[PDB]
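S.K.: Sending over a structure as structure tokens; questions will come in a sec.
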2 protein chains.
Amino acid sequence: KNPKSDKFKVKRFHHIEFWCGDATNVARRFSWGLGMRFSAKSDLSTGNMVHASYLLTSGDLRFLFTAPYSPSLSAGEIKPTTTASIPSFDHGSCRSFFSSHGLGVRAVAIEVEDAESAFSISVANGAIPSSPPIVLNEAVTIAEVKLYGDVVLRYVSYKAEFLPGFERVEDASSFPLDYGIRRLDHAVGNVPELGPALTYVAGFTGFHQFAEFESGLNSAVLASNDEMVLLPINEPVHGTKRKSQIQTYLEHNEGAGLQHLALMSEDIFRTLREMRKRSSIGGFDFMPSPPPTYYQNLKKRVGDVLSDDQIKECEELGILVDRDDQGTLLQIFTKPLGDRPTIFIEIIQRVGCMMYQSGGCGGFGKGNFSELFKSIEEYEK
Amino acid sequence: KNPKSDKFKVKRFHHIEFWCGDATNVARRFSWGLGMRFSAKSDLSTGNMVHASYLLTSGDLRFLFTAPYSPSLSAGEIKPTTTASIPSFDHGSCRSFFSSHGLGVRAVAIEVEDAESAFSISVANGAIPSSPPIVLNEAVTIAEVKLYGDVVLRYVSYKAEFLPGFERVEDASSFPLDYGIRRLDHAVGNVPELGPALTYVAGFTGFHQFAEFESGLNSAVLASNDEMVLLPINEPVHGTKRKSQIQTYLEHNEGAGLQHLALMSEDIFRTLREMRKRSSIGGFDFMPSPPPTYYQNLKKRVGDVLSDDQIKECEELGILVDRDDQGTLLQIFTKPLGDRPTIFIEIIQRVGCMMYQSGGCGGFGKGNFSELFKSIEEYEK
Ligand SMILES: O=C(O)Cc1ccccc1O
Ligand SMILES: O=C(O)Cc1ccccc1O
Ligand SMILES: [Co+2]
Ligand SMILES: [Co+2]
């Protein structure tokens with residue numbers, strides 16, 4: 001069931017912020033590789049002497065890329081006189097984050113009704129504060145609490161254009177790329193111990209465990225009331241023949257952090273075609289495809305959902321398919337987005353659970369561990 | 001004249017190394033924006049636990065992009081047991097460089113006859129050592145001395161494939177991009193004081209001042225014996241109405257460093273067409289074009305070198321033209337390559353000075369300061 005125990009009003013995923021060494025180059029790579037438009041900036045040209053921040057958008061999906069300038073540019077500033085557009089930014093925290101983790105997600109931001117209420121109630125309920133509520137131009141309130149590792153859960157709330165002090169990019173620089181991605185479906189964290197992580201986060205949010213349906217991990221999923229904010233969390237399982245990829249993550253990331261973002265497409269076939277066309281010319285690479293035996297086995301499992309043509313199209317693109325009690329899930333995983341084997345991206349599309357589509361329709365692919373192992377016995381063939 | 005006073009045998013520009021926060025994303029951006037192939041790697045997959053290094057090539061042009069992993073991966077190593085493929089790399093120096101300068105060039109590498117000789121003779125003649133000669137796999141010798149700021153001049157010499165411990169990229173990942181760029185023509189440094197910089201560098205190389213032919217800079221050019229290694233150096237001039245861009249550089253870079261790389265194309269028209277097509281989809285932007293009056297004035301200066309059609313093609317692409325006593329220079333400048341207004345790139349092609357083409361044929365564009373100022377009086381039109 002769903003007890004709907006959110007301790008404050010949570011709306012939707014609002015944006016994801018990457019902390020970078022150079023925001024320009026990461027943003028331009030992601031824009032081409034994923035098909036996202038440059039839509040806002042806050043940097044030297046907008047008066048920001050503290051950080052460079054570039055926003056990419058695709059549908060409702062908002063990726064923010066931020067890097068620090070030299071502290072010398074803003075050395076005479078103090079917090080009351082700051083030119084930073086994101087008041088929680090701090091040169092030392094950002095350099096320390098990036099040197100410790102490399103390229104990765106600093107903030108998972110959700111839109112709430114009242115960011116100040118959400119911050120107070122969260123801290124009242126165990127959340128470790130990270131940046132207190134700050135009202136920007138009497139219009140937007142932002143607050144941050146620790147999520148896991150050095151990742152913050154950022155609350156944003158609007159009285160009624162991204163953030164004050166961001167400018168819309170003059171569209172001579174804004175090329176209308178679009179490969180079909182429309183919103184963030186869920187965000188996945190890796191921790192050394194799942195239980196305490198769950199207890200902490202569920203402790204201060206009231207998010208409930210999302211109901212689900214021997215290789216490497218245990219996981220569980222936290223969800224908001226309407227189950228549109230979904231936050232899976234993994235822990236490693238040790239002693240296994242193949243080393244736990246969760247453990248590999250923790251080693252190369254220097255501890256807990258965000259493992260991957262799941263991006264919903266409105267047409268996963270066109271998204272993967274478009275992304276794969278660009279893999280070797282600046283975009284993203286994809287995990288190796290499952291063997292043909294995996295795809296033959298797809299008819300017996302989802303032959304009622306997908307035509308033979310649609311199945312054959314899943315095979316051309318390397319798409320995985322899983323199915324819940326309520327819907328069917330199409331998914332695929334990129335290779336790591338940067339130098340370290342840490343953060344990656346998953347492209348997904350859900351079919352079923354109409355009534356709008358309810359959140360998590362089809363689950364998260366748990367069934368594909370078994371299906372891929374058994375399929376990999378294609379050595380017989 | 002040219003006294004040919006090189007104190008050791010210098011061959012050609014060999015490569016440029018960028019020090020990055022994340023080498024993967026910078027390299028993939030540069031590859032698409034400039035049309036360079038992925039040709040070698042040294043990283044986790046090759047046994048390197050210290051740094052990630054990716055090599056892009058176009059003709060003879062070699063761009064190397066390097067970033068540090070977590071020190072924890074190599075904490076049990078010492079220099080005799082290192083897995084780094086570039087023995088001069090050091091986690092602390094790289095993080096300190098990047099935090100101080102942002103994305104930029106760490107090494108200007110030239111190939112010499114004997115890197116050990118070049119290092120000893122240079123230090124004997126005033127060069128500040130940076131990394132002593134090291135022989136890699138009994139095949140390649142590398143040595144580094146300080147050039148200016150935190151930029152090193154790196155010597156490389158081969159007994160007789162980039163460097164030992166680098167693998168050729170398996171070409172499923174190596175897409176044969178090519179927009180016409182073929183080699184590095186010259187590399188430009190900005191310093192606070194030109195005179196001491198010249199005296200130091202000419203002091204330990206024997207490079208001579210390259211003979212040339214009121215807004216912002218003084219500059220001078222150092223050259224090797226056959227004048228194929230060219231190293232211009234700028235200093236700011238203060239008190240000017242418009243602030244010195246050299247000074248702006250020094251402020252945002254936190255001191256002296258490499259200002260820009262000049263890349264020779266074999267077809268500057270195709271290069272700029274191809275680069276401009278990609279400016280807004282992950283590539284590089286170009287400085288704003290000169291006014292039409294600049295291009296009308298081109299007939300009277302280079303009408304004997306370029307047809308009206310070729311001139312009109314210069315106007316479509318924003319190409320600048322200057323002319324020496326010996327040849328004609330076509331040039332254009334990108335906007336900054338990363339977040340800070342520091343490093344950028346120039347695309348060039350030279351016509352004249354046949355006998356092969358002698359180095360610096362057409363100069364470096366000094367004449368375009370005056371031509372652009374006078375051309376900008378198009379307000380009358
Ligand atoms: O970590 C993964 O590879 C995928 C994942 C993450 C979290 C919960 C369930 C799940 O299948
Ligand atoms: O700095 C620049 O913009 C161009 C330059 C650099 C160095 C020498 C001569 C010259 O025209
Ligand atoms: Co998932
Ligand atoms: Co130049």
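By convention in this document, the chains of the structure tokens carry letters A, B, ... by their order, each chain's residues are numbered from 1, and ligands are numbered from 1 in the order they are shown.
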Give one line per residue of chain B that approaches chain A to at most 7 Å, naming the two atoms of the closest pair and their distance in Å to one decimal, counting only C-alpha atoms; sort by chain then ascending residue number and deliver it as a Markdown table.

M.R.:
```
| residue | atom | partner | partner_atom | distance |
| --- | --- | --- | --- | --- |
| B:21 | CA | A:21 | CA | 4.8 |
| B:22 | CA | A:339 | CA | 6.0 |
| B:23 | CA | A:339 | CA | 6.5 |
| B:24 | CA | A:338 | CA | 5.4 |
| B:25 | CA | A:26 | CA | 5.7 |
| B:26 | CA | A:25 | CA | 5.7 |
| B:28 | CA | A:282 | CA | 4.5 |
| B:29 | CA | A:29 | CA | 5.3 |
| B:31 | CA | A:282 | CA | 6.6 |
| B:32 | CA | A:282 | CA | 5.4 |
| B:52 | CA | A:339 | CA | 6.8 |
| B:70 | CA | A:100 | CA | 6.6 |
| B:100 | CA | A:70 | CA | 6.6 |
| B:102 | CA | A:22 | CA | 7.0 |
| B:103 | CA | A:22 | CA | 6.6 |
| B:173 | CA | A:280 | CA | 5.5 |
| B:174 | CA | A:280 | CA | 6.7 |
| B:175 | CA | A:280 | CA | 5.8 |
| B:252 | CA | A:70 | CA | 6.8 |
| B:280 | CA | A:173 | CA | 5.5 |
| B:281 | CA | A:32 | CA | 5.6 |
| B:282 | CA | A:28 | CA | 4.5 |
| B:338 | CA | A:24 | CA | 5.4 |
| B:339 | CA | A:24 | CA | 5.5 |
```

S.K.: Using only C-alpha atoms, determine which residues lie at most 6 Å from residue 145 (chain B), disregarding the query and same-chain residues fewer than 6 positions distant; provide the list as a list in words.

M.R.: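 In the requested format, the answer is residues 128, 129, 130, 152 and 153 of chain B.
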
S.K.: Mind dumping the selected residues with C-alpha atoms as an mmCIF file, in the first residue's frame?

M.R.:
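Contents of again.cif, as written:
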```cif
data_model
loop_
_atom_site.group_PDB
_atom_site.id
_atom_site.type_symbol
_atom_site.label_atom_id
_atom_site.label_comp_id
_atom_site.auth_asym_id
_atom_site.auth_seq_id
_atom_site.Cartn_x
_atom_site.Cartn_y
_atom_site.Cartn_z
ATOM 1 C CA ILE B 128 63.990 26.205 -14.006
ATOM 2 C CA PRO B 129 63.678 22.400 -13.914
ATOM 3 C CA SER B 130 60.198 20.954 -13.534
ATOM 4 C CA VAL B 152 55.994 23.689 -18.841
ATOM 5 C CA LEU B 153 57.992 23.256 -22.017
#
```

S.K.: Show me which residues are within 7 Å of ligand 1 counting only C-alpha atoms and all ligand atoms, and format the list as a list in words.

M.R.: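 Checking only C-alpha atoms and all ligand atoms against ligand 1 at 7 Å gives residues 188, 219, 220, 221, 232, 233, 234, 364, 365 and 366 of chain A.
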
S.K.: Those residues you just picked out, can you put them in a file as a CSV table (one decimal), in the first residue's frame with N, CA, C and O atoms?

M.R.:
```csv
chain,number,residue,atom,x,y,z
A,188,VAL,N,19.2,7.7,-8.3
A,188,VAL,CA,19.6,6.5,-7.6
A,188,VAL,C,20.9,6.8,-6.8
A,188,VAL,O,21.9,7.3,-7.4
A,219,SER,N,18.6,-3.2,-2.6
A,219,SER,CA,18.1,-1.9,-2.9
A,219,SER,C,16.7,-1.8,-2.4
A,219,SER,O,16.0,-2.8,-2.1
A,220,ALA,N,16.3,-0.5,-2.3
A,220,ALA,CA,14.9,-0.2,-1.8
A,220,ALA,C,14.7,1.2,-2.4
A,220,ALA,O,15.6,2.0,-2.6
A,221,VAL,N,13.4,1.6,-2.5
A,221,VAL,CA,13.0,2.8,-3.2
A,221,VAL,C,12.1,3.6,-2.3
A,221,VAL,O,11.1,3.1,-1.8
A,232,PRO,N,15.5,5.5,-5.5
A,232,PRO,CA,16.1,4.2,-5.1
A,232,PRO,C,17.5,4.4,-4.4
A,232,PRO,O,18.2,5.4,-4.6
A,233,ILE,N,17.9,3.5,-3.6
A,233,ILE,CA,19.1,3.5,-2.8
A,233,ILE,C,19.7,2.1,-2.8
A,233,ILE,O,19.0,1.1,-2.5
A,234,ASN,N,21.0,1.9,-3.2
A,234,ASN,CA,21.7,0.7,-3.2
A,234,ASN,C,22.7,0.6,-2.1
A,234,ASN,O,23.3,1.6,-1.8
A,364,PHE,N,11.6,-1.0,-11.8
A,364,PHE,CA,12.9,-0.5,-12.0
A,364,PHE,C,13.8,-1.4,-12.7
A,364,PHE,O,15.0,-1.1,-12.9
A,365,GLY,N,13.3,-2.6,-13.1
A,365,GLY,CA,14.1,-3.5,-13.8
A,365,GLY,C,14.7,-4.7,-13.0
A,365,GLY,O,15.6,-5.4,-13.5
A,366,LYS,N,14.3,-4.9,-11.8
A,366,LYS,CA,14.8,-5.9,-10.9
A,366,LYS,C,14.8,-7.3,-11.7
A,366,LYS,O,15.8,-8.0,-11.5
```

S.K.: Can you pull out every residue with an atom within 10 Å of ligand 2? Use only C-alpha atoms and all ligand atoms and format it as JSON, numbers by chain.

M.R.: {"B": [186, 187, 188, 189, 190, 212, 216, 217, 218, 219, 220, 221, 222, 231, 232, 233, 234, 235, 236, 245, 246, 259, 260, 261, 262, 333, 344, 346, 363, 364, 365, 366, 367, 368, 369]}

S.K.: Compare B:276, B:146, B:15, B:1 by their minimum atom-to-atom distance to residue 200 (chain B), counting only C-alpha atoms, and give me the closest one.

M.R.: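 Distance minimum relative to residue 200 (chain B) lands on B:146.
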
S.K.: How many Å separate CA of residue 372 (chain B) from CA of residue 323 (chain B)?

M.R.: 13.9 Å

S.K.: Got a sec: who's within 6 Å of residue 225 (chain B), counting only C-alpha atoms, leaving out chain neighbours fewer than 2 positions off, as a PDB file with C-alpha atoms, in the first residue's frame?

M.R.:
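Listed below is the output, part27.pdb:
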```
ATOM      1  CA  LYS B   4      70.225  29.836 -35.796  1.00  0.00           C
ATOM      2  CA  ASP B   6      69.316  26.799 -30.901  1.00  0.00           C
ATOM      3  CA  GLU B 227      61.425  28.607 -37.457  1.00  0.00           C
TER       4      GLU B 227
END
```

S.K.: Show which residues sit within 9 Å of residue 55 (chain A), as a VMD selection string. Count only C-alpha atoms, and ignore same-chain residues fewer than 4 positions away.

M.R.: chain A and resid 17 27 37 to 42 62 to 66 162

S.K.: To one decimal place in Å, what is the distance between CA of residue 248 (chain B) and CA of residue 50 (chain A)?

M.R.: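 Distance reported for this atom pair: 16.3 Å.
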
S.K.: DSSP on the backbone: which residues in region 50-258 of chain A end up as helix (DSSP H, G or I)? Give the answer as JSON, numbers by chain.

M.R.: {"A": [71, 72, 73, 74, 79, 80, 81, 91, 92, 93, 94, 95, 96, 97, 98, 99, 100, 101, 115, 116, 117, 118, 119, 120, 121, 122, 123, 124, 194, 195, 196, 197, 198, 199, 200, 201, 202, 203, 204, 205, 245, 246, 247, 248, 249, 250, 251, 252, 253]}

S.K.: May I have the selected residues written with N, CA and C atoms, as a compact mmCIF listing (two decimals), in the first residue's frame?

M.R.:
```
# COMPACT_ATOMS: atom_id res chain seq x y z
N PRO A 71 38.42 32.39 -6.72
CA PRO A 71 37.97 33.20 -5.56
C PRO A 71 38.36 34.67 -5.63
N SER A 72 39.47 34.99 -6.31
CA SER A 72 39.94 36.37 -6.38
C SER A 72 38.91 37.31 -6.99
N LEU A 73 38.06 36.82 -7.91
CA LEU A 73 37.10 37.71 -8.56
C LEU A 73 36.08 38.26 -7.58
N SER A 74 35.79 37.52 -6.50
CA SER A 74 34.74 37.88 -5.56
C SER A 74 35.29 38.06 -4.15
N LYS A 79 28.59 37.29 2.10
CA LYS A 79 27.29 36.70 1.79
C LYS A 79 26.18 37.73 1.57
N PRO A 80 26.04 38.77 2.39
CA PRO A 80 25.03 39.81 2.08
C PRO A 80 25.24 40.52 0.76
N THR A 81 26.48 40.60 0.25
CA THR A 81 26.76 41.32 -0.99
C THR A 81 27.06 40.37 -2.16
N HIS A 91 32.95 28.19 -2.87
CA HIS A 91 34.14 27.76 -3.62
C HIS A 91 34.78 26.53 -2.99
N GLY A 92 35.04 26.58 -1.68
CA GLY A 92 35.73 25.48 -1.02
C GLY A 92 34.96 24.17 -1.06
N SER A 93 33.64 24.23 -0.83
CA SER A 93 32.86 22.99 -0.89
C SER A 93 32.90 22.39 -2.29
N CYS A 94 32.82 23.23 -3.32
CA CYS A 94 32.76 22.73 -4.68
C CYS A 94 34.08 22.11 -5.10
N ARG A 95 35.19 22.82 -4.89
CA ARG A 95 36.49 22.24 -5.20
C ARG A 95 36.74 20.96 -4.40
N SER A 96 36.36 20.95 -3.12
CA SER A 96 36.51 19.74 -2.32
C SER A 96 35.64 18.59 -2.84
N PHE A 97 34.38 18.88 -3.17
CA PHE A 97 33.52 17.88 -3.79
C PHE A 97 34.16 17.32 -5.06
N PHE A 98 34.56 18.20 -5.99
CA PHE A 98 35.03 17.72 -7.28
C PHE A 98 36.35 16.96 -7.14
N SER A 99 37.26 17.45 -6.29
CA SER A 99 38.53 16.75 -6.13
C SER A 99 38.32 15.38 -5.49
N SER A 100 37.30 15.25 -4.65
CA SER A 100 37.03 13.99 -3.96
C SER A 100 36.21 13.01 -4.81
N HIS A 101 35.24 13.51 -5.59
CA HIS A 101 34.33 12.64 -6.33
C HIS A 101 34.50 12.70 -7.84
N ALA A 115 9.49 26.00 0.57
CA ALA A 115 10.84 25.49 0.85
C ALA A 115 11.25 25.73 2.30
N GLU A 116 10.83 26.85 2.89
CA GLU A 116 11.17 27.11 4.29
C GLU A 116 10.52 26.10 5.22
N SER A 117 9.21 25.87 5.06
CA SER A 117 8.54 24.82 5.84
C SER A 117 9.24 23.48 5.67
N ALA A 118 9.49 23.08 4.41
CA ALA A 118 10.13 21.79 4.16
C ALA A 118 11.48 21.70 4.85
N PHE A 119 12.26 22.79 4.85
CA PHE A 119 13.55 22.75 5.52
C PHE A 119 13.37 22.59 7.03
N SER A 120 12.49 23.39 7.64
CA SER A 120 12.31 23.32 9.09
C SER A 120 11.79 21.95 9.51
N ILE A 121 10.73 21.48 8.85
CA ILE A 121 10.15 20.19 9.19
C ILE A 121 11.16 19.07 9.01
N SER A 122 11.96 19.13 7.93
CA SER A 122 12.97 18.10 7.70
C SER A 122 14.00 18.09 8.82
N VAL A 123 14.56 19.25 9.14
CA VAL A 123 15.56 19.31 10.20
C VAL A 123 14.95 18.89 11.53
N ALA A 124 13.72 19.35 11.79
CA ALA A 124 12.99 18.90 12.98
C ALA A 124 12.91 17.39 13.05
N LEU A 194 22.61 0.31 3.51
CA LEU A 194 21.27 0.68 3.04
C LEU A 194 20.34 1.07 4.18
N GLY A 195 20.32 0.27 5.25
CA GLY A 195 19.37 0.44 6.33
C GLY A 195 19.38 1.82 6.97
N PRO A 196 20.56 2.26 7.44
CA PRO A 196 20.65 3.62 8.01
C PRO A 196 20.31 4.71 7.01
N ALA A 197 20.74 4.55 5.75
CA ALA A 197 20.39 5.51 4.72
C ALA A 197 18.88 5.61 4.56
N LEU A 198 18.21 4.47 4.43
CA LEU A 198 16.75 4.49 4.35
C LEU A 198 16.14 5.18 5.56
N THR A 199 16.59 4.80 6.76
CA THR A 199 15.97 5.32 7.97
C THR A 199 16.14 6.83 8.08
N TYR A 200 17.33 7.34 7.77
CA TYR A 200 17.56 8.78 7.76
C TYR A 200 16.64 9.50 6.78
N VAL A 201 16.64 9.08 5.51
CA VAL A 201 15.91 9.83 4.48
C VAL A 201 14.40 9.70 4.69
N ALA A 202 13.91 8.48 4.86
CA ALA A 202 12.49 8.33 5.17
C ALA A 202 12.16 9.04 6.47
N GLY A 203 13.14 9.12 7.38
CA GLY A 203 12.92 9.79 8.65
C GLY A 203 12.47 11.23 8.50
N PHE A 204 13.16 12.00 7.65
CA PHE A 204 12.87 13.43 7.60
C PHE A 204 11.92 13.84 6.47
N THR A 205 11.64 12.94 5.52
CA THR A 205 10.71 13.25 4.43
C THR A 205 9.31 12.72 4.69
N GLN A 245 29.56 -4.09 -8.14
CA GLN A 245 29.66 -2.80 -8.81
C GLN A 245 29.33 -1.66 -7.87
N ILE A 246 28.45 -1.88 -6.90
CA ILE A 246 28.18 -0.86 -5.89
C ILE A 246 29.45 -0.56 -5.11
N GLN A 247 30.20 -1.61 -4.76
CA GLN A 247 31.44 -1.42 -4.03
C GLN A 247 32.47 -0.70 -4.90
N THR A 248 32.61 -1.13 -6.16
CA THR A 248 33.48 -0.43 -7.10
C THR A 248 33.15 1.05 -7.16
N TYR A 249 31.85 1.37 -7.20
CA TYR A 249 31.42 2.77 -7.17
C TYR A 249 31.96 3.47 -5.93
N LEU A 250 31.70 2.90 -4.76
CA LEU A 250 32.09 3.56 -3.52
C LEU A 250 33.59 3.82 -3.47
N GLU A 251 34.38 2.88 -4.00
CA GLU A 251 35.83 3.05 -4.04
C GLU A 251 36.23 4.21 -4.95
N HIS A 252 35.75 4.20 -6.19
CA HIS A 252 36.18 5.24 -7.12
C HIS A 252 35.53 6.59 -6.83
N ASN A 253 34.38 6.62 -6.17
CA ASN A 253 33.73 7.87 -5.80
C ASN A 253 34.20 8.41 -4.46
```
